[PDB]
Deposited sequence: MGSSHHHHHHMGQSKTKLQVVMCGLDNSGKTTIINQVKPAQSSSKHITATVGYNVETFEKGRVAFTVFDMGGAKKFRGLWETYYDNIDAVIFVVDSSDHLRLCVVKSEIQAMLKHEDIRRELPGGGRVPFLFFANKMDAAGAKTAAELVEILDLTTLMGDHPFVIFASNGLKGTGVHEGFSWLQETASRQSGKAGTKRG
């Protein structure tokens, strides 16, 4: 079983920290452009495009939507000021052809949302983020879920990936 995933979210949301929690055991810095992570996790081989989240890299994200099995979207739940930017980016990505497309089996591309930095002062819960972003209206027919996460420790992360992998398997 092979999964291709694109990982999106604003700069400093915790994308790279989170993906490193699911990689094999063997210094994180801001991701310039993107990085491809290819690794095994359990019985699955993952290919993850860990996108840079700075404004200047967001134009790249769409290059990696082709044939994708899932989107992972990481929100800094403690960054209230840019929740409007999070919303516009989710809106922008949903309009793209490769995200819109009906999957081979009739399904729609699934989204795993992380409400990350659950430990940070001022963190909003998954429920609060759904209401603020009006996420349910935005996501429409796309299957999605949202879990509070702590990327430093791995809280929420592993369960999110179970959801992604089970949803992908069911769809393929």
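Stretches of the deposited sequence left without coordinates are 1 to 15, 42 to 45, 192 to 199, in sequence order.
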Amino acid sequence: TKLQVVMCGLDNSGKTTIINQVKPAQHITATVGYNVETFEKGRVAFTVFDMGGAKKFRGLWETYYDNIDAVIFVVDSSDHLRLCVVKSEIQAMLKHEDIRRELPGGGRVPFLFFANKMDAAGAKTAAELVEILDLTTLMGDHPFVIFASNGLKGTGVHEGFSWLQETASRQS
From here on, numbers count along this sequence of modelled residues.
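Taking the mean C-alpha B-factor of each stretch as recorded, 104 to 112 and 34 to 42 are not equal, and the higher mean is that of 104 to 112.
Per-stretch averaging of Cα B factors for 17 to 25 and 147 to 155 places 17 to 25 on top. Highest CA B-factor among the listed residues (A54, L60, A121, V130): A121. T167: CA B factor in the lowest third of modelled residues in this chain (values from the PDB entry).
Residue-level temperature factors show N67 in the highest third of its chain, judged at the C-alpha atom. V74: CA B factor lies in the lowest third for its chain, per the PDB record.
Among the modelled residues of the chain, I90 sits in the highest third by CA temperature factor in this PDB entry.
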